[PDB]
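Enquirer: Supplied structure: target-v4.txt, compact mmCIF, C-alpha atoms.
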# COMPACT_ATOMS: atom_id res chain seq x y z
CA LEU A 194 13.44 -55.27 14.62
CA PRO A 195 9.87 -56.70 14.50
CA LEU A 196 8.75 -53.58 12.61
CA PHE A 197 10.56 -54.71 9.45
CA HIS A 198 7.55 -55.84 7.41
CA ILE A 199 5.65 -52.70 8.42
CA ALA A 200 8.59 -50.56 7.31
CA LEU A 201 8.75 -52.35 3.96
CA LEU A 202 5.01 -51.90 3.45
CA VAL A 203 5.19 -48.18 4.24
CA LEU A 204 8.12 -47.75 1.85
CA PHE A 205 6.31 -49.58 -0.96
CA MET A 206 3.13 -47.56 -0.41
CA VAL A 207 5.00 -44.24 -0.41
CA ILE A 208 6.70 -45.33 -3.63
CA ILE A 209 3.42 -46.28 -5.33
CA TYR A 210 1.77 -43.00 -4.36
CA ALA A 211 4.80 -40.96 -5.43
CA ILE A 212 4.73 -42.63 -8.85
CA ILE A 213 0.96 -42.13 -9.16
CA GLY A 214 1.20 -38.43 -8.31
CA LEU A 215 4.19 -38.08 -10.64
CA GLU A 216 2.06 -39.45 -13.47
CA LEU A 217 -1.13 -37.48 -12.83
CA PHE A 218 0.04 -34.04 -11.64
CA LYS A 219 3.38 -33.72 -13.47
CA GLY A 220 3.72 -30.03 -14.21
CA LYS A 221 0.26 -28.61 -13.53
CA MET A 222 1.05 -26.31 -10.59
CA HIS A 223 3.05 -23.81 -12.64
CA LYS A 224 0.57 -20.97 -13.27
CA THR A 225 -0.57 -18.11 -11.06
CA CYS A 226 -2.08 -14.78 -11.99
CA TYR A 227 0.52 -12.05 -11.83
CA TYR A 228 -0.35 -8.42 -12.47
CA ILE A 229 -0.72 -7.50 -16.13
CA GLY A 230 2.71 -6.49 -17.38
CA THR A 231 4.33 -7.38 -14.06
CA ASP A 232 6.03 -10.28 -12.27
CA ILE A 233 4.30 -9.79 -8.90
CA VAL A 234 2.02 -12.63 -7.83
CA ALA A 235 -1.41 -11.25 -6.95
CA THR A 236 -2.88 -12.45 -3.66
CA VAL A 237 -5.34 -11.09 -1.12
CA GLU A 238 -4.03 -10.23 2.35
CA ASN A 239 -3.96 -13.65 4.05
CA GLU A 240 -3.90 -15.89 0.97
CA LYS A 241 -1.00 -18.06 0.00
CA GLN B 530 12.27 26.48 -15.03
CA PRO B 531 9.66 24.85 -12.76
CA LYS B 532 10.81 21.37 -13.46
CA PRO B 533 13.01 19.58 -10.92
CA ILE B 534 16.64 19.23 -11.92
CA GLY B 535 17.67 15.74 -12.98
CA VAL B 536 20.51 13.44 -11.99
CA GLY B 537 21.73 10.58 -14.18
CA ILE B 538 19.83 8.68 -16.86
CA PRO B 539 16.41 7.61 -15.51
CA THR B 540 15.74 3.87 -15.32
CA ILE B 541 12.46 2.40 -14.06
CA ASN B 542 11.55 -1.29 -13.90
CA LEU B 543 7.88 -1.80 -14.73
CA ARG B 544 8.03 -5.57 -14.19
CA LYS B 545 8.34 -5.04 -10.41
CA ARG B 546 5.70 -2.36 -9.79
CA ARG B 547 2.24 -3.04 -8.40
CA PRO B 548 -0.49 -1.03 -10.17
CA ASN B 549 -1.98 1.00 -7.28
CA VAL B 550 0.56 1.46 -4.48
CA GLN B 551 1.54 5.11 -5.07
CA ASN B 552 5.29 4.94 -5.40
CA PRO B 553 6.34 8.24 -3.77
CA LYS B 554 7.76 11.47 -5.21
CA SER B 555 10.65 13.81 -4.47
CA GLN B 556 11.24 16.77 -2.16
CA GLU B 557 14.51 18.03 -3.66
CA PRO B 558 14.89 21.77 -4.26
CA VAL B 559 15.61 23.28 -7.67
CA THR B 560 19.33 23.97 -7.23
CA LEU B 561 20.66 24.98 -10.64
CA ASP B 562 24.17 26.39 -10.42
CA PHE B 563 25.01 29.61 -12.24
CA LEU B 564 27.65 28.00 -14.49
CA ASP B 565 25.10 25.36 -15.52
CA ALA B 566 22.44 27.78 -16.79
CA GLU B 567 24.79 29.46 -19.30
CA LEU B 568 27.94 28.60 -21.24
CA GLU B 569 31.06 28.62 -19.08
CA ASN B 570 33.96 30.89 -19.98
CA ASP B 571 37.10 31.62 -18.02
CA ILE B 572 35.67 35.12 -17.47
CA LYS B 573 32.25 34.04 -16.18
CA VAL B 574 33.91 31.98 -13.45
CA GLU B 575 35.73 35.17 -12.44
CA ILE B 576 32.47 37.14 -12.37
CA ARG B 577 30.83 34.34 -10.36
CA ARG C 146 -14.25 20.69 12.57
CA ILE C 147 -15.04 23.91 10.69
CA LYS C 148 -16.71 24.17 7.30
CA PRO C 149 -15.19 27.02 5.25
CA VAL C 150 -16.58 29.25 2.51
CA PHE C 151 -13.61 28.95 0.11
CA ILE C 152 -13.84 31.84 -2.30
CA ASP C 153 -11.56 31.71 -5.34
CA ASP C 154 -8.64 34.07 -5.75
CA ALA C 155 -5.50 35.12 -7.58
CA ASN C 156 -1.94 34.92 -6.20
CA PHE C 157 -3.11 31.41 -5.36
CA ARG C 158 -4.48 29.62 -8.43
CA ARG C 159 -6.86 27.73 -6.14
CA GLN C 160 -9.55 28.26 -3.52
CA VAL C 161 -8.72 30.21 -0.38
CA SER C 162 -10.51 31.25 2.83
CA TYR C 163 -8.97 34.24 4.62
CA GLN C 164 -11.11 33.77 7.75
CA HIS C 165 -9.22 31.08 9.67
CA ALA C 166 -6.06 28.99 9.41
CA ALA C 167 -5.99 25.45 8.06
CA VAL C 168 -4.19 22.54 9.73
CA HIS C 169 -2.28 19.60 8.28
CA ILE C 170 -1.44 16.55 10.39
CA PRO C 171 0.73 13.71 9.00
CA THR C 172 -1.35 10.72 7.95
CA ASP C 173 0.12 8.29 10.49
CA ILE C 174 -0.34 10.68 13.43
CA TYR C 175 -3.56 10.50 15.43
CA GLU C 176 -5.63 13.70 15.20
CA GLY C 177 -6.85 13.77 18.78
CA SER C 178 -3.99 12.42 20.83
CA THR C 179 -3.19 14.62 23.81
CA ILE C 180 0.18 15.69 22.41
CA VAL C 181 -1.49 17.21 19.34
CA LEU C 182 -4.66 18.49 21.04
CA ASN C 183 -2.57 21.04 22.94
CA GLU C 184 -0.60 22.15 19.88
CA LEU C 185 -4.03 22.73 18.33
CA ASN C 186 -5.27 24.64 21.37
CA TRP C 187 -2.41 27.07 21.99
CA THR C 188 -1.75 27.75 18.30
CA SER C 189 -5.32 29.05 18.02
CA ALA C 190 -3.90 32.48 18.92
CA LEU C 191 -1.80 32.71 15.75
CA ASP C 192 -4.76 33.41 13.44
CA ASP C 193 -4.95 36.98 14.73
CA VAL C 194 -1.33 37.63 13.75
CA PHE C 195 -1.84 35.85 10.43
CA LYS C 196 -4.76 38.16 9.69
CA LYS C 197 -2.85 41.24 10.83
CA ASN C 198 0.22 40.36 8.74
CA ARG C 199 -1.94 39.96 5.65
CA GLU C 200 -4.00 43.08 6.40
CA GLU C 201 -0.76 45.08 6.51
CA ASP C 202 0.88 43.69 3.35
CA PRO C 203 -2.00 42.39 1.18
CA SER C 204 0.41 40.57 -1.14
CA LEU C 205 1.58 37.86 1.27
CA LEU C 206 1.59 34.20 0.28
CA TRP C 207 1.40 31.26 2.72
CA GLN C 208 2.33 31.93 6.33
CA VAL C 209 3.02 28.68 8.14
CA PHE C 210 3.94 27.47 11.62
CA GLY C 211 5.36 23.96 11.56
CA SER C 212 5.62 22.57 15.06
CA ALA C 213 7.91 19.82 16.34
CA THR C 214 4.94 17.43 16.59
CA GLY C 215 4.11 17.26 12.87
CA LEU C 216 1.17 19.66 13.31
CA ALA C 217 1.39 22.37 10.64
CA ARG C 218 -0.83 25.46 10.66
CA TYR C 219 -0.89 27.75 7.62
CA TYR C 220 -2.87 30.77 6.45
CA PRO C 221 -4.86 31.44 4.36
CA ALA C 222 -6.74 28.17 4.71
CA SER C 223 -6.90 25.99 1.60
CA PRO C 224 -7.86 22.35 1.03
CA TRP C 225 -4.79 20.15 0.97
CA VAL C 226 -3.72 19.10 -2.52
CA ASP C 227 -3.81 15.42 -1.45
CA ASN C 228 -6.43 13.87 0.80
CA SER C 229 -5.73 10.55 2.51
CA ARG C 230 -7.84 8.22 0.34
CA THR C 231 -10.25 10.50 -1.54
CA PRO C 232 -7.87 10.28 -4.54
CA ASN C 233 -6.14 7.00 -5.36
CA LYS C 234 -2.87 8.27 -3.84
CA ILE C 235 -1.88 8.90 -0.24
CA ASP C 236 -0.18 11.88 1.41
CA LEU C 237 3.40 11.28 2.58
CA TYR C 238 4.17 14.77 3.83
CA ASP C 239 5.87 15.73 7.09
CA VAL C 240 6.81 19.25 8.13
CA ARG C 241 9.90 18.06 9.99
CA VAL D 386 27.93 10.40 18.16
CA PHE D 387 24.35 9.42 17.36
CA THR D 388 23.88 5.65 17.47
CA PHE D 389 21.13 3.80 15.61
CA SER D 390 20.28 0.18 16.44
CA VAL D 391 18.40 -1.18 13.46
CA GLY D 392 16.24 -4.26 13.06
CA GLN D 393 15.01 -6.90 15.47
CA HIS D 394 17.61 -9.13 17.12
CA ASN D 395 18.82 -10.56 20.43
CA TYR D 396 22.14 -8.73 20.72
CA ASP D 397 23.50 -6.41 23.40
CA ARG D 398 22.41 -2.78 23.02
CA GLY D 399 24.48 -1.74 26.04
CA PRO D 400 27.71 -0.39 24.56
CA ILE D 401 25.85 1.43 21.78
CA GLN D 402 23.68 3.20 24.34
CA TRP D 403 26.84 4.04 26.28
CA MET D 404 28.53 5.55 23.22
CA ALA D 405 25.41 7.62 22.61
CA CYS D 406 25.09 8.79 26.22
CA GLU D 407 28.76 9.72 26.65
CA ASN D 408 29.56 11.69 23.48
CA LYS D 409 26.74 14.27 23.73
CA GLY D 410 24.73 12.12 21.33
CA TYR D 411 21.51 10.10 21.33
CA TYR D 412 20.34 6.51 20.92
CA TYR D 413 17.67 5.57 18.37
CA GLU D 414 15.98 2.22 17.74
CA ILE D 415 14.67 1.38 14.27
CA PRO D 416 12.85 -2.00 14.27
CA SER D 417 10.77 -1.61 11.08
CA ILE D 418 10.31 0.35 7.86
CA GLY D 419 7.50 2.23 9.59
CA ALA D 420 9.75 3.81 12.22
CA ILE D 421 12.33 5.02 9.70
CA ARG D 422 10.85 8.41 8.81
CA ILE D 423 10.40 9.64 12.39
CA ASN D 424 13.72 8.29 13.75
CA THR D 425 16.11 9.54 11.07
CA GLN D 426 14.76 13.07 11.54
CA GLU D 427 14.87 13.55 15.32
CA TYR D 428 18.62 14.15 15.68
CA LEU D 429 17.86 17.76 14.74
CA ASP D 430 16.17 18.16 18.12
CA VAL D 431 19.62 17.49 19.59
CA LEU D 432 21.48 19.88 17.27
CA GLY D 433 19.22 22.76 18.32
CA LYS E 962 2.01 1.19 19.49
CA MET E 963 2.04 -0.31 22.98
CA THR E 964 -1.30 0.87 24.40
CA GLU E 965 -4.98 1.09 23.52
CA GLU E 966 -4.73 4.87 23.84
CA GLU E 967 -2.03 5.00 21.15
CA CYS E 968 -3.50 2.40 18.77
CA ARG E 969 -5.75 4.76 16.81
CA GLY E 970 -5.61 6.52 13.47
CA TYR E 971 -4.16 5.07 10.28
CA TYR E 972 -0.76 3.55 9.58
CA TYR E 973 1.25 2.36 6.60
CA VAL E 974 1.62 -1.23 5.41
CA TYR E 975 4.53 -1.90 3.05
CA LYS E 976 4.10 -4.68 0.49
CA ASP E 977 7.03 -7.05 -0.04
CA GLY E 978 8.98 -4.91 2.41
CA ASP E 979 9.35 -2.39 -0.41
CA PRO E 980 9.49 1.09 1.19
CA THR E 981 8.14 2.59 -2.07
CA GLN E 982 4.89 0.57 -2.24
CA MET E 983 2.66 1.38 0.73
CA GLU E 984 -1.00 1.37 1.68
CA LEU E 985 -3.12 2.95 4.40
CA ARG E 986 -4.79 0.74 6.97
CA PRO E 987 -6.61 1.84 10.14
CA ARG E 988 -4.98 0.47 13.25
CA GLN E 989 -7.03 -1.24 15.92
CA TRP E 990 -6.42 -2.74 19.37
CA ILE E 991 -7.19 -6.37 18.56
CA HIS E 992 -7.67 -8.95 21.29
CA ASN E 993 -6.15 -12.31 20.37
CA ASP E 994 -8.50 -15.13 19.40
CA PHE E 995 -7.43 -17.66 22.04
CA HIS E 996 -6.58 -15.83 25.25
CA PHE E 997 -6.17 -16.42 28.99
CA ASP E 998 -8.47 -13.84 30.59
CA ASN E 999 -10.64 -16.33 32.50
CA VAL E 1000 -10.54 -20.02 33.32
CA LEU E 1001 -13.06 -20.71 30.55
CA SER E 1002 -10.96 -19.07 27.83
CA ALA E 1003 -7.85 -20.59 29.40
CA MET E 1004 -9.44 -24.05 29.33
CA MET E 1005 -10.35 -23.52 25.68
CA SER E 1006 -6.79 -22.50 24.82
CA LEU E 1007 -5.30 -25.43 26.73
CA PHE E 1008 -7.75 -27.71 24.92
CA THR E 1009 -6.49 -26.50 21.54
For the structure just supplied, provide its representation as structure tokens.
Expert:
Amino acid sequence: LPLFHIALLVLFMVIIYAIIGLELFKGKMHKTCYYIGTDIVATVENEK
Amino acid sequence: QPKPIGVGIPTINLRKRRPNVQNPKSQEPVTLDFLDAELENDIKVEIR
Amino acid sequence: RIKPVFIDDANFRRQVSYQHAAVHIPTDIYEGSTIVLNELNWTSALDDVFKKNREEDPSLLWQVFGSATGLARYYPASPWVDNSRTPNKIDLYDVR
Amino acid sequence: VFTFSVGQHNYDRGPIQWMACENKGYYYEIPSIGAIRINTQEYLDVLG
Amino acid sequence: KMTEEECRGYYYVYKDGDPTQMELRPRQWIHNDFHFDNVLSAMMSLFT
């Protein structure tokens, strides 16, 4: 019970940061170099 | 003739082929039946 | 290893050395494991029969012994058409 | 009856080995694409 | 390969699990980074 104000603060902070990120980085991470004339993402051995 | 005999219409998908991976080749023999190297009669099947 | 002389010839539109017998070992088999070092040691007595067979009938093409361990031994010796990584392609061949 | 147990798993390879051992056969394990060429070609050593 | 005597030569690595797109890589008996050979390495591993 006594964690109620802390829970509300965490919820409000998560909401603010979600909205901020939604404004700034909305749709940027949608490009990666495939192979030319191919739909195979090109990465080195251990890269993600 | 020295070319390998074919089966079905060939279909290759370029969009899913890395550039340098050396997709392998075939080991099939050249098995061309007798009634497929000439025109088939009802007499040539008898001779065969 | 042996370094050959590799004269050129007809009946093989490539380079050929009639003095010893080549050897081909699948790429993913170690060339120096004990199971292949014996198949390389006891098959060293085939080259005499290879040479005799060709000396009798001079018009013979490849004579090959393909053992149950991948090790192939053919005569006359000739560089394999596909090295491991000297071209851009690899060699997926297996006598079995 | 040659019996091939393919892939990696936590199942019981007992009855399959028994079928192989009883009916003049052989039991092969294929846990990867690497071990496919040398396992699907060894049954000849049993037919000889 | 289950021994340091066997882990030599080259082997095939298949990209995307595609058995028709392979590369050659030399195999090597690699000792894990964090191990348990001595109490020093074991204390390091337990620390991590």
Enquirer: Within 10 Å of region 532-549 of chain B, counting all atoms listed in the file, which residues show up once you throw out same-chain ones fewer than 6 positions away? Write them as a count of residues only, please.
Expert: 23
Enquirer: What separation in Å, quoted to one decimal, exists between CA of residue 184 (chain C) and CA of residue 167 (chain C)?
Expert: 13.4 Å
Enquirer: Give me, please, the distance in Å between CA of residue 973 (chain E) and CA of residue 428 (chain D), quoted to one decimal.
Expert: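 If I compute the distance from CA of residue 973 (chain E) to CA of residue 428 (chain D), I get 22.9 Å.
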Enquirer: What does the distance between CA of residue 410 (chain D) and CA of residue 240 (chain C) come to in Å, to one decimal place?
Expert: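 Between these atoms lies a distance of 23.4 Å.
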Enquirer: Find the residues near region 986-991 of chain E: any atom within 10 Å, counting only C-alpha atoms, skip ones fewer than 5 places away on the same chain, and give them as a list in words.
Expert: residues 173 of chain C; 962, 963, 964, 965, 966, 967, 968, 969, 970, 971, 972, 973 and 974 of chain E
Enquirer: Counting only C-alpha atoms, which of D:404, D:413, D:389, D:419 gets nearest to chain E?
Expert: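 Nearest candidate to chain E out of D:404, D:413, D:389, D:419: D:419.
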Enquirer: Fewer than 5 positions away in the same chain doesn't count, so skip those; otherwise give me all residues within 10 Å of residue 149 (chain C), counting all atoms listed in the file, as a ChimeraX atom specification.
Expert: /C:161-165,167,222-224
Enquirer: Take the residues from that selection and put them in a file with C-alpha atoms, as a compact mmCIF listing (two decimals), in the coordinates of the input.
Expert:
# COMPACT_ATOMS: atom_id res chain seq x y z
CA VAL C 161 -8.72 30.21 -0.38
CA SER C 162 -10.51 31.25 2.83
CA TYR C 163 -8.97 34.24 4.62
CA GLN C 164 -11.11 33.77 7.75
CA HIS C 165 -9.22 31.08 9.67
CA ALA C 167 -5.99 25.45 8.06
CA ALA C 222 -6.74 28.17 4.71
CA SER C 223 -6.90 25.99 1.60
CA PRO C 224 -7.86 22.35 1.03
Enquirer: Show me which bits of chain C are within 12 Å of chain E, counting only C-alpha atoms, as number ranges by chain.
Expert: C: 170-180, 228-231, 233-237
